[PDB]
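Below is one structure, written out as structure tokens; comments come after it.
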């Protein structure tokens, strides 16, 4: 611990508790390589962090697209 | 851009999104002339600005006409 | 001894013309350096486009010109009368004119 | 009447990092007109109230014609009463400064010209207020013994017989509805550069007040803002394109009061109205849409050139008997625009530097990035006194305010004793001025 | 929730948070008494550099001005102690003092 | 090293220098220290919630 | 950090730890960052500093 | 000034410029002087706090 910061205390194994989720299949797409089983679950957790962040940002750009004319002005007729 | 001000960022093509409007047929009454297709849609947009302003001002003079005697005093009988 | 007493000579038109003061200033200093012509005179152009009055002067503008009058207004009182500043007192002659 | 509790309202608006730009756009479309303010009268009540409740500051400080209409009109609770008590203090003292100036210069007249025109420069009518909306020019051509050249670009202007060929007279909006189709075709077909037609509303002699407009622009404003203002050029064709080509302005089925953020597009009217918190109704922008019909075309810079006073005829040049100004047609003065929504600011307005108090690099760098690139290139010109105005606009060895007037406003406190210092500053250094001060023991 | 619970205000660490609170909002999100103490910080820092650009003057030695050479709060070879943008290459293109 | 690109209308290094060297060692009376951040350890407490 | 090869050189840090956090102490830091050179002594002698 | 101990076994004296008025120590420019020198910065600029 003389070269890294202390690791946080968070409950493990988010995959076994919820999913039912498409991005957890995307976690399995990451290959193991030379890393051990203890080293694999750490970097598989970091890869889940990247997928949640890319998901919510792509959803955010759809959210800030703003309301459009033709779809809104047609519904005002009713 | 050394002789004009910067053009504003506004969503294009108001005709294709709403109308259903009589003054958009009045936009087509403006003739093209020597202007190109890129130059025509700019000056057709400016001519829509003139029609909306003349429309709402003629509607405004009807609004500030004030309430009249005979039409109002007849409805007070009921 | 007020100003109402001294009003009988201050109001004379020898206090108010610069011509004989431009004569005596010219005869001592025979040829001045006519450079740095900022702020002297207006020049009119047919352009009513207030961008090309605004862009063209500021477009590629480098080292900027500080005139004589804007020089004097920032100097303090005892800083001006010190003898290391000639060309401020050389053109300070009399109060009304500049 | 003005105490330091109400300069602190006026001063702190001039130093706002977030001054609302939307209210600044309303000002551009009244352009000094009386009845076009009555058109937008309930709109600016929603502006002033939602700017006084959000922050402790008031709006529409900059121009004289907006402040006069908020005092005379809107006497009810349409705007907050605590905010109304600061507007009545402005004009109620600015009349009182004009009563004191009439008391020094006595009842006597030299020839036909009274002494009051010849002692104080604030009462001298050949001084013009630096922004003009009504037709001050032909008023001054008519009643001046001193010969008033007016240079509009290339051409001069000497006879009031020729007031129809240089100055185009508008009218109020009710009568001009018949000619209004041909007026629009002069905004497109004509080349507004090198036109020398000067579009200015007509003037009435009863409601006109020349001296009160000088005391606002030359005395009260450069003290309270400490000399941070610039002249603003606008092109109104670009401005009303944004208000009218909006969606819900053009839609019918939308009711009376259906506040705008329901009905939007990604246009600049989001980011102008996002930054101000103002939620007006759609039918109220429709009244601002009607302002475009009589919008005067382009802000023009006219130059007034008047001969010096008869106590001051002596000089060296042949031009030394002759002293000029600059007067903006159709423009107005501006504080520091917010750093928020600078990108939406560049699409509407552009900076032009003026007389001496109105060439300020902190304000003009906000408005256009080329001057912001100029001042940060070399910081010598950051000062308000040192900053270089184009010679196509002015030479500062001519105008009635030389350089050390602008040095005084930049270094004052906001004390009410400094308001009365500017009035005592505009004594005219002439020989028949000295008769007045030495009589009163000044 | 930090101005209501205790009478103090947060995000005072860095300059960029304080500049973004004042300029971007101007709003009724932050309480009005709590937002007035943020504007008085940026009201003061502008008034300091209006003083520092009067005493240093206007004249120049050569190409380099004298405002870069009278006080160390205006010499750009002193840098702010936290850089988040490309401050380093901005210095090298406008410098004779070899960095 | 990673930095964002800077805009000539955006930066003004006098105000950043009148903040960290003038107003902060006075008002805090010099109780300030530079803090290093582990950024992948910050968002791991946020996204893995 | 090296103290000797630096702009801020410890007697600056001793002033800030013993201020009173007064608006006169804000101005006592701005006039404390004054270049102790020869062409600043021209500028302090004009204004009688 | 300081002592530079690097060559061989003996030292030699070197120097760094102080670059500011604040880098003069407290026995030679005390706390009440820097306060009354920055309050003279106030009365010349006439800045508004």
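Residue numbers (the entry's author numbering), protein chains in the order written: chain A, 2 to 79; chain B, 2 to 79; chain C, 444 to 541; chain D, 591 to 1032; chain E, 640 to 738; chain F, 788 to 836; chain G, 984 to 1032; chain H, 542 to 590. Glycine is no exception: its CB is placed at the ideal position from the N, C-alpha and C atoms.
Based on the DSSP output, what are the partners of residue i in its beta bridges?
i: residue 543 (chain H); result: H:555
i: residue 893 (chain D); result: D:741
i: residue 1011 (chain D); result: Answer by DSSP bridge pairing: none, since residue 1011 (chain D) is not bridged.
i: residue 721 (chain D); result: D:918
i: residue 888 (chain D); result: D:825
i: residue 547 (chain D); result: Past the edges of chain D, shown from 591 to 1032, lies residue 547 (chain D), and the structure says nothing about it.
i: residue 704 (chain D); result: D:699
Output needed for residue i: all residues of its chain with C-beta closer than 8 angstroms, excluding positions within five of it in sequence on either side, in chain order.
i: residue 725 (chain D); result: 757, 759, 790, 791, 792 and 793
i: residue 707 (chain E); result: 713, 714 and 715
i: residue 932 (chain D); result: 956
i: residue 801 (chain D); result: 688, 691, 712 and 713
i: residue 666 (chain D); result: none
Could you work out which residues of chain B lie near residue i, taking near to mean beta carbons separated by less than 7 angstroms?
i: residue 492 (chain C); result: 4
Just reading off the beta strand (DSSP E) that residue i is part of, what are its end residues?
i: residue 914 (chain D); result: 912-914
i: residue 619 (chain D); result: Not the beta strand (DSSP E): residue 619 (chain D) falls in the alpha helix (DSSP H), residues 611-620.
i: residue 797 (chain F); result: Segment: none, residue 797 (chain F) is in no beta strand (DSSP E) and carries neither H nor E.
i: residue 822 (chain D); result: 820-824
i: residue 939 (chain D); result: 939-942
i: residue 598 (chain D); result: Careful: residue 598 (chain D) lies outside any beta strand (DSSP E), inside the alpha helix (DSSP H) at 594-604.
i: residue 788 (chain D); result: 788-790
i: residue 757 (chain D); result: 757-759
Can you list, in chain order, the residues of its chain with a C-beta nearer than 7 angstroms to that of residue i? Leave out the 5 residues immediately preceding and following it.
i: residue 593 (chain D); result: 1006
i: residue 863 (chain D); result: 612 and 850
i: residue 823 (chain F); result: none
i: residue 999 (chain D); result: 812, 813, 816, 817 and 947
i: residue 544 (chain H); result: 552 and 554
i: residue 727 (chain D); result: 740 and 757
List the residues of chain A whose Cβ lies closer than 7 angstroms to the Cβ of residue i, in chain order.
i: residue 84 (chain B); result: Residue 84 (chain B) cannot be examined here, being either before or after the span of chain B that is shown, 2 to 79.
Interface residues of chain G around residue i at Cβ under 7 angstroms?
i: residue 563 (chain H); result: 994, 995, 998, 1015 and 1016
Within its chain, find whatever has a CB closer than 6 angstroms to the CB of residue i; leave out the 5 residues flanking it on each side and keep chain order.
i: residue 581 (chain H); result: none
i: residue 882 (chain D); result: 830
i: residue 681 (chain E); result: 661
i: residue 1033 (chain D); result: Because chain D is modelled from 591 through 1032, residue 1033 (chain D) falls outside the range shown and cannot be assessed.
i: residue 24 (chain A); result: 52
i: residue 834 (chain D); result: 879
Give the interface partners of residue i over in chain G, defined as CB-CB distance under 9 angstroms, in chain order.
i: residue 522 (chain C); result: 1028, 1029, 1030 and 1031
Can you tell me where the alpha helix (DSSP H) holding residue i begins and where it ends?
i: residue 580 (chain D); result: This structure does not reach residue 580 (chain D), given that chain D is present from 591 up to 1032, and the question cannot be answered.
i: residue 684 (chain D); result: 671-684
i: residue 26 (chain B); result: 23-29
i: residue 60 (chain B); result: 38-64
i: residue 451 (chain C); result: 446-453
i: residue 522 (chain C); result: 520-523
i: residue 498 (chain C); result: 498-501
i: residue 1026 (chain D); result: 1021-1029
i: residue 814 (chain D); result: 811-814
i: residue 469 (chain C); result: 462-471
Could you work out which residues of chain D lie near residue i, taking near to mean beta carbons separated by less than 7 angstroms?
i: residue 78 (chain A); result: 843
i: residue 697 (chain E); result: 970, 973 and 976
How would you list, in chain order, the residues of chain C whose beta-carbon sits under 7 angstroms from the beta-carbon of residue i?
i: residue 710 (chain D); result: Here the premise fails: no neighbours, minimum Cβ distance about 17 angstroms.
Open item on the list: Closer than 8 angstroms is the cut-off here; do at least three beta carbon pairs connect the region 524-539 of chain C with the region 652-659 of chain E?
Closed with: Three or more beta-carbon pairs separated by less than 8 angstroms are not found between the region 524-539 of chain C and the region 652-659 of chain E, which leaves the two stretches without contact.
Checklist entry - Within the chosen definition, does the region 968-987 of chain D reach the region 470-487 of chain C through at least 3 CB pairs nearer than 8 angstroms? => result Judged by Cβ distances under 8 angstroms, the region 968-987 of chain D makes contact with the region 470-487 of chain C, as three or more pairs qualify.
Below 8 angstroms, how does it come out for the region 494-511 of chain C and the region 1004-1015 of chain G: are there three or more Cβ pairs, yes or no? Under the 8 angstroms Cβ criterion, the region 494-511 of chain C does not count as touching the region 1004-1015 of chain G, having fewer than three qualifying pairs.
* Assess, as a yes-or-no matter, whether the region 60-75 of chain A is touched by the region 5-18 of chain B under the definition of 3 or more beta carbon pairs within less than 8 angstroms. => Touching, yes.
Looking at C-beta atoms only, is the number of pairs between the region 692-712 of chain E and the region 1009-1028 of chain G that lie closer than 8 angstroms three or more? With a cut-off of 8 angstroms, the region 1009-1028 of chain G and the region 692-712 of chain E count as touching, because enough Cβ pairs lie within range.
So does the region 933-944 of chain D actually touch the region 907-914 of chain D, counting three or more Cβ pairs closer than 8 angstroms?
-> Cβ pair count under 8 angstroms is below three, so no.
Does the region 637-647 of chain D come into contact with the region 872-892 of chain D, if we say contact requires no fewer than three beta-carbon pairs (one atom in each stretch) closer than 8 angstroms?
Because the criterion of three Cβ pairs below 8 angstroms is not met, the region 637-647 of chain D and the region 872-892 of chain D do not touch.
| Cβ pair count under 8 angstroms reaching 3, the region 805-820 of chain D against the region 593-606 of chain D | The answer is yes - the region 593-606 of chain D touches the region 805-820 of chain D, with three or more Cβ pairs under 8 angstroms.
With three or more C-beta pairs closer than 8 angstroms as the rule, is the region 451-469 of chain C touching the region 893-905 of chain D? They touch, by the three-pair rule.
Checklist entry - Should the region 692-701 of chain E be called in touch with the region 962-977 of chain D, which here means at least 3 C-beta pairs below 8 angstroms? => result Yes, since at least three Cβ pairs between the region 692-701 of chain E and the region 962-977 of chain D fall closer than 8 angstroms, the two stretches touch.
| said: Any contact between the region 605-619 of chain D and the region 1014-1028 of chain D? By contact I mean 3 or more CB pairs, one from each, below 8 angstroms. | reply: With a cut-off of 8 angstroms, the region 1014-1028 of chain D and the region 605-619 of chain D do not count as touching, because too few Cβ pairs lie within range.
| request: Pair every Cβ in the region 604-611 of chain D with every Cβ in the region 864-875 of chain D, then say whether three or more of these pairs are closer than 8 angstroms. | output: Flag = yes, the region 604-611 of chain D and the region 864-875 of chain D touch.
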